[PDB]
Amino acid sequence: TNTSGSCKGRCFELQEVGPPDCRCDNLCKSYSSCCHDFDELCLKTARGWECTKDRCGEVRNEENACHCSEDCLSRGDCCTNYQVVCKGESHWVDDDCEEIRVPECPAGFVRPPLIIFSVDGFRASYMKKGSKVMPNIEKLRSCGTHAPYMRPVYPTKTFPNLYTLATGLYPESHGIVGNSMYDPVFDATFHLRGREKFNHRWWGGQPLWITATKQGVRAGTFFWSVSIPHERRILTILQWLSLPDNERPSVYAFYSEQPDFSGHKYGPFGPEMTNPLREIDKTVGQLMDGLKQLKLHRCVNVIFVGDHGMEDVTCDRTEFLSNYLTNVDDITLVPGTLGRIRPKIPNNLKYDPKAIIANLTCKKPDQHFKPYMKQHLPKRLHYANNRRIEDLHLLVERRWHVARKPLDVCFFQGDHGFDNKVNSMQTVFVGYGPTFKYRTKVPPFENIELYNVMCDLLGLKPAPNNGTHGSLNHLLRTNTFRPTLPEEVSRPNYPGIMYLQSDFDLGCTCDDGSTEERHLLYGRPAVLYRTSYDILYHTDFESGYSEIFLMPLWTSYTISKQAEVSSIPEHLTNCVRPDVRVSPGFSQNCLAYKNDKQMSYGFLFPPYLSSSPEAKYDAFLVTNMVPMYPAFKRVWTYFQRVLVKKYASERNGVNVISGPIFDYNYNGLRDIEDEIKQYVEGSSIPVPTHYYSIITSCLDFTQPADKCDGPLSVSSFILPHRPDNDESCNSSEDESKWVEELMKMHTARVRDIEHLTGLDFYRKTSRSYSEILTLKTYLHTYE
């Protein structure tokens, strides 16, 4: 009855067992529900974890933690060094590396098991301490498939990243948006400590262990109560792998709290870090020795993966909100390496976030954080579409903390949580086994991509997630996913001169094809929603004009290394010309811009780069026009006039695709018409929330962008369309002092832009679709 039951013959059972019965599984301690004898029967410790010479051929003592008796191999009970100490065998790490071309599994193994070896807080650069410190991990890394680093999700904390690993989802989608969270609909608080986190209402998406079970693939329990020592976790996985064919799981997970813990205490470059790193490598060696003893070391796929990195952060670098705000005791702050602010009393009517933000904006010249309303955060973070994410956010500068007041502040030297493009936040990925490539390095990738791959490694169909299935095919020897191009949903018109200048009264005054080959280098973008749009050709650019939103969905042009920048003549300053290809009812009008005292306009193709004086008149077409606040125009003009040509000079030409983005509900997805919330004054011209540019050139920078044979090179941005430059604390200075800094912060993946625009790029190339998918997930980080 309840606790008084026994774990005899049930240690680390994979049976689902619930109250009133007592449990003997991985997590029973965390639920305070183990049988009274779980500890003495299942957590055996006697004689340590390694065979000694005097133990070989012993008589089995069931009290020992692991065994060196003759029978132990057939029971899965051996210490992992048994054959080394007693049967003249070599440690796995001492064995020369050899390509595993196909799974070499014992009979009864239908497929290679997958083992996920997760390490908390393993900064990518720890890898550089090499075989001197971590010989087992180095053999995995050098013989298998490795990336130089893996990008975590924001915030770069444990619970958001490991649940992202398990689901393929951004935190805003799976719900674990922090290690601590307040849900205002539950009116409840999620914390690492305590019981609330065990409630299923917090956890969204479909994690890998559920996907597997629902598709008939058995998982071992991924989670381990903190009192189960690491050696016992390894022995338990190995004993599960010894199970009969009709019980043995196909996917396993080990977890280590190190080196996060020592990282927090000693900082990432403390000499104390060698010892946790050695201990982790020893655990890796115990696993691989155990797999060798099972004849499974050439049969199992092993993933060695971290959740985030670690930065130098000390008490001496703490910003205090009480230096900026008068009554900080009235707010609650999720503090440290990020900030989330809400009133201490939920729904307190006196809470004044616009006044708080004002007092936090550019108030010190060396200010070590920046306040954002969450819809203004860089889109690449994907950190806004969830009720658990406070409206007010603080992005904290690397190496610093933010706290409410000094009564809240030595004992720690490291921490993490920062912007997920910060180098110290990057973590590790190594794949080793029959399905991974041999001795292969792959570009860094994002942890959201791994759920699709683990599904591939298991024969599973992934639940809908934020990975791009196929962008990681290059990690794998086989079991690749064959991606298929999405189908165009709306086809374009190619209008000619259906009209004449007399048919147009839009209030606009002006004082005065084979383009596809040169300007549309990778095919036209496919439109993947139902809409109405026209292709418009020009000497210097091409565009896909939308009759519904009154502006191009995309504008595409190529700029050579040698092109010239030219001014706008003073008589063409206010020139806008009707487009005689496009109806008057499907055009913007300049009257609305004359009436709207806060809105101005800009051009997607820049007049500054037209090839000839004649060609420049195309740039002033009403169909090249987009609404832009004067504040944004300070950025956009500097981009068009200075930076595009600088990029062409540096990359040997560049192809540019630019356009608008509408995301008023900040969910990272293309708005439907009903969701657009702002229009030019007294008109129906919608106002974009962001503008994008995709800048492509030849990876081989010695070939011009327009004559490129092989792989491509891409960088992109999604700039916020804002009525002020408050985000840029140096914006009073010249644009050369702050615009590029702004753009670097809003770097983006082509894939981000695709979600936000409903468009599909790079459909016509001499490259495999898999390579293209990789290109679309690339993020240029400028670190």
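Each form is matched to the other, and the largest set of C-alpha atoms that superpose within 1.5 Å is called the rigid core. The numbering used is simple: start at 1 and walk along the sequence shown.
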{"property": "More variable segment, 624 to 632 or 68 to 76 [Cα RMS over structures in 9 other deposited structures of this protein, core-superposed]", "result": "68 to 76"}
{"property": "Rigid core superposition result in 9 other deposited structures of this protein, more deviant of 339 to 347, 286 to 294 by Cα", "result": "339 to 347"}
{"property": "Unresolved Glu257 in a third or more of other entries flanked by modelled residues", "result": "no"}
{"property": "Other PDB entries, at least a third, lacking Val300", "result": "no"}
{"property": "Unmodelled deposited residues flanked by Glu98 on one side and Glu99 on the other", "result": "none"}
{"property": "Between neighbours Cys410 and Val409, residues that the deposited sequence lists but the model omits", "result": "4 to 9"}
{"property": "Comparing 334 to 342 with 612 to 620, the one whose average Cα B-factor in the PDB entry is higher", "result": "612 to 620"}
{"property": "Greater mean Cα temperature factor according to the PDB record, 657 to 665 or 78 to 86", "result": "78 to 86"}
{"property": "Of the residues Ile237, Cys708, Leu472, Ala463, the one carrying the largest Cα B-factor as recorded", "result": "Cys708"}
{"property": "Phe159, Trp400, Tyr593, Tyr692, ranked by C-alpha B-factor: the highest one", "result": "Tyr593"}
{"property": "Relative C-alpha B-factor of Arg298, binned into the chain's lowest, middle or highest third", "result": "middle"}
{"property": "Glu40 CA temperature factor, ranked by third within the chain", "result": "highest"}
{"property": "Record-listed C-alpha B factor of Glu673: chain third", "result": "highest"}
{"property": "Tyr533 CA temperature factor, ranked by third within the chain", "result": "highest"}
{"property": "CA B-factor placement of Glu449, once the chain's modelled residues are sorted into thirds", "result": "lowest"}
